[PDB]
Amino acid sequence: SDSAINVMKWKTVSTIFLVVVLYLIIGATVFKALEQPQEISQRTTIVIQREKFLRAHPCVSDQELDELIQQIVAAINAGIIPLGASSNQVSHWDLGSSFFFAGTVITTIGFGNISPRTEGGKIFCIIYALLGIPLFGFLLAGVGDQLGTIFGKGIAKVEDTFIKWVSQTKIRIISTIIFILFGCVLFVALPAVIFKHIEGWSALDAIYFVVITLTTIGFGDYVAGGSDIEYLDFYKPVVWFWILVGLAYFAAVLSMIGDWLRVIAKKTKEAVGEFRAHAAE
Amino acid sequence: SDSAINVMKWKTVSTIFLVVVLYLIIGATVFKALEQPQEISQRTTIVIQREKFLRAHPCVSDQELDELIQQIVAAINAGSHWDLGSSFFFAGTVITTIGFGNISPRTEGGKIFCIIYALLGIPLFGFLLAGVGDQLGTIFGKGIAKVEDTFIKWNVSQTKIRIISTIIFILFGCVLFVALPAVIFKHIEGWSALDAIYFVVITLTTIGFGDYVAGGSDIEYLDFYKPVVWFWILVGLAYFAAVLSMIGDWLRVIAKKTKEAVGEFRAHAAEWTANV
Ligand SMILES: CCCCCCCCCCCCC/C=C/[C@@H](O)[C@H](CO)NC(=O)CCCCCCCCCCCCCCC
Ligand SMILES: CS(=O)(=O)Nc1ccc(C(=O)NCc2ccc(Cl)cc2Cl)cc1
Ligand SMILES: CS(=O)(=O)Nc1ccc(C(=O)NCc2ccc(Cl)cc2Cl)cc1
Ligand SMILES: CCCCCCCCCCCCCCCC
Ligand SMILES: CCCCCCCCCCCC
Ligand SMILES: CCCCC
Ligand SMILES: [K+]
Ligand SMILES: [K+]
Ligand SMILES: [K+]
Ligand SMILES: [K+]
Ligand SMILES: [K+]
């Protein structure tokens, strides 16, 4: 019976599908609730600023203004600073930023603040990713291994002193707590504090940057080292290390959350079986 | 000796580390070679456009323009982006970790919800993507049961036909998941043939720069287009997940082959020089 388990599998996949479809719907409405209003008030008060310079300069064709703004937004994607009071410019593809860029490719973070424009840079970026993503996966695996054996030494010491008058499977709970607590300190709390000072971000934007980056979502709305400010350069290589170890950390954290869902799925699947078989006595 | 294996482990990690560090250095120089000039020609021809706009419109003083560009840069930080369907898109870019970033939350609440929505959605979507990989795997296993029967009752036999099979996977795979969709993006999105394949790889590898986005521009789209792209992504992500994993196993093999070739080169330089 080979197709007996395959029919059981497709039943599992399709239910997970519908839960994903419905999880996307719930999230969609919650983001639309949170983000539609602040969008409208900004898109109306930008038409307000529009008309203040639409009619205060009639001698501009005013059909070429919205063509001007296209030619600025089209060129702002490359990272321009089109100003006369600041016309000398730092490079976005210098010795170190293309090193950053290559990092966003293999880590699949892909902030996108810097992206290739040449047809050659795109063809190399395709090849660089198809090889670099598997390669970096081995490094990130070993970093997970090394960081695992360090925590294994830690709980060998802590699961010895917490042996009072003790069960094996309940101290597993105590261990995962100290992993989450210490983990959020070294990989979320402490770095975000450093970003809050150095990057000048808010306390929320820093943690937001941490989570968006280490989950490899990589929106790119906030990027460490993305401004020109001063950059000790003590700073940027520490951030390379943070990412290398922080990605390994969320990889385990996300995997833990996945197993929790597996458990909650079993508990809720049997609760519905309970609710049915009772049906009010 | 428990620390004897751990030292063997750290020696494995550190070599992989240096291969990654040196892979980043090669890439950095190659991108700096490919993208430094294209940057200069655009920075010079954007100063051309700027002083062109003061002369071809004497109306505009040089002081108003710097105020205009601040008001545009300020407006780039927000600009409907959050309508009924695009926040559905957005939620997709979160759980898939593609995260194009053309749409990103601005409210402090939308950021906090995005943190919660991701920490729960990414594992959830992983299970879906795992089952999609399973199902799509058993489909192709049915296919190679029928194709490894007609090529295995005649000419050259087993252990070299693994190679032929994985080529069939890559060849048809690139058709259904890279070639065919990129053709559809080329027409509907108006992208070049290169940009479409560029979009495909950057999206299905979950890099997702966001420099090109399907359905991201303001165009009349057919009703079937965007939902087919969801299906493409659902099944295409499962495809590169296997493809990337294959490439990973190739590197393991190549690493073994190059590790023993160095042992060869050493063992001959050894007893060539031992001969005096
Ligand atoms: C496209 C960007 C160019 C990146 C090319 C980087 C390749 C770097 C040169 C390979 C040798 C690395 C240093 C030597 C390490 C060995 O002592 C060691 C065993 O002793 N090998 C490995 O650890 C395992 C290392 C095996 C890694 C093989 C990576 C496969 C690259 C395939 C690219 C083919 C291009 C052909 C022209 C170079
Ligand atoms: C404005 S710029 O883009 O043109 N210049 C730079 C921008 C960023 C960095 C950098 O290294 N940030 C830390 C970092 C490292 C690796 C990875 Cl993968 C991600 C991150 Cl955030 C360097 C130069
Ligand atoms: C300014 S906008 O908000 O209107 N831009 C948009 C861009 C894309 C879409 C959309 O549905 N694309 C198909 C799709 C689906 C899921 C995933 Cl994960 C990725 C992709 Cl590309 C909608 C709007
Ligand atoms: C933050 C959004 C949370 C969304 C939680 C959705 C919960 C959906 C529960 C689905 C229950 C299905 C029962 C199937 C049992 C056979
Ligand atoms: C059409 C231009 C293609 C340029 C990409 C080729 C890159 C050559 C490989 C470099 C290895 C060191
Ligand atoms: C058959 C592949 C579906 C996406 C075009
Ligand atoms: K933009
Ligand atoms: K991204
Ligand atoms: K990404
Ligand atoms: K990713
Ligand atoms: K992005």
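Methodologically, a virtual Cβ is constructed for each residue, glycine included, from the backbone with ideal geometry; neighbour enumeration extends over all protein chains shown. Where a number appears in this text, it was derived from the coordinates with a stated rule and is not lab data.
Overview of values
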{"read-out": "Check on A:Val105, over 23 Å from B:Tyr117 (Cα atoms) and within 16 Å of ligand 9 (Cβ to nearest atom)", "value": "yes"}
{"read-out": "Total residues in segment A:31-54, condition more than 25 Å from B:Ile116 (Cβ to Cβ) and surrounded by 12 or more Cβ atoms within 10 Å (Cβ to Cβ)", "value": "6"}
{"read-out": "Count of residues meeting criterion [near ligand 6 (Cβ under 10 Å from one of its atoms) and either within 14 Å of chain A (Cβ to nearest Cβ) or within 16 Å of the chain's Cα centre (by Cα) (or both)] in segment B:180-194", "value": "2"}
{"read-out": "Residue list for segment B:29-79, filter: within 16 Å of ligand 2 (Cβ to nearest atom) and not in a helix (DSSP H, G or I)", "value": "B:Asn77"}
{"read-out": "Residue match in segment B:111-124 (condition: within 25 Å of A:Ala206 (Cα to Cα), of a type in the set (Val, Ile, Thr) and within 16 Å of ligand 3 (Cβ to nearest atom))", "value": "yes"}
{"read-out": "Of residues in segment B:88-124 being at the interface with another protein chain (Cβ under 7 Å from one of its Cβ atoms) and of a type in the set (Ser, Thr, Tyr), the one nearest to ligand 8 (Cβ to nearest atom)", "value": "B:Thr97"}
{"read-out": "Sole exception among (1) more than 16 Å from ligand 11 (Cβ to nearest atom); (2) within 14 Å of another protein chain (Cβ to nearest Cβ); (3) crowded, with 21+ Cβ neighbours inside 10 Å for A:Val245, by number", "value": "(3)"}
{"read-out": "Scan of segment B:199-214 for residues that are at the interface with another protein chain (Cβ under 7 Å from one of its Cβ atoms), away from ligand 1 (no atom under 16 Å from the Cβ), surrounded by fewer than 24 Cβ atoms within 10 Å (Cβ to Cβ) and not charged (D, E, K, R), ordered by number", "value": "B:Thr206"}
{"read-out": "Single unsatisfied condition, A:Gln89 versus (1) of a type in the set (S, T, N, Q); (2) more than 16 Å from ligand 2 (Cβ to nearest atom); (3) farther than 19 Å from A:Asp221 by Cβ", "value": "(2)"}
{"read-out": "Boolean, A:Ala224 is of a type in the set (A, V, I, L, M, F, W, C) and either within 14 Å of chain B (Cβ to nearest Cβ) or within 16 Å of ligand 6 (Cβ to nearest atom) (or both)", "value": "no"}
{"read-out": "For A:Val193: the one exception among (1) surrounded by 15 or more Cβ atoms within 10 Å (Cβ to Cβ); (2) part of a helix (DSSP H, G or I)", "value": "(1)"}
{"read-out": "Some residue of segment B:205-220 being within 16 Å of ligand 5 (Cβ to nearest atom) and of a type in the set (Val, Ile, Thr)", "value": "no"}
{"read-out": "When residues of segment A:10-46 are limited to those that are away from ligand 4 (no atom under 16 Å from the Cβ) and facing chain B (nearest Cβ under 9 Å), the one nearest to A:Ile69 (Cα to Cα)", "value": "A:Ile46"}
{"read-out": "A:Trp240 being under 19 Å from B:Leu128 (Cα atoms) and either in a helix (DSSP H, G or I) or away from chain B (no Cβ under 12 Å) (or both)", "value": "no"}
{"read-out": "Test for A:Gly84: is it closer than 22 Å to A:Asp228 by Cβ, away from ligand 5 (no atom under 16 Å from the Cβ), in a loop (DSSP other than H, G, I, E, B) and facing chain B (nearest Cβ under 8 Å)", "value": "yes"}
{"read-out": "Boolean, A:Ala279 is more than 30 Å from A:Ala156 (Cβ to Cβ), of a type in the set (A, V, I, L, M, F, W, C) and surrounded by fewer than 17 Cβ atoms within 10 Å (Cβ to Cβ)", "value": "yes"}
{"read-out": "Hits in segment A:1-13 (condition: assigned to a helix (DSSP H, G or I) and surrounded by fewer than 13 Cβ atoms within 10 Å (Cβ to Cβ))", "value": "A:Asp2, A:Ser3, A:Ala4, A:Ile5, A:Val7, A:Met8, A:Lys11"}
{"read-out": "Options B:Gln49, B:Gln70, B:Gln63: the member that is more than 16 Å from ligand 5 (Cβ to nearest atom) and at the interface with chain A (Cβ under 7 Å from one of its Cβ atoms)", "value": "B:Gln49"}
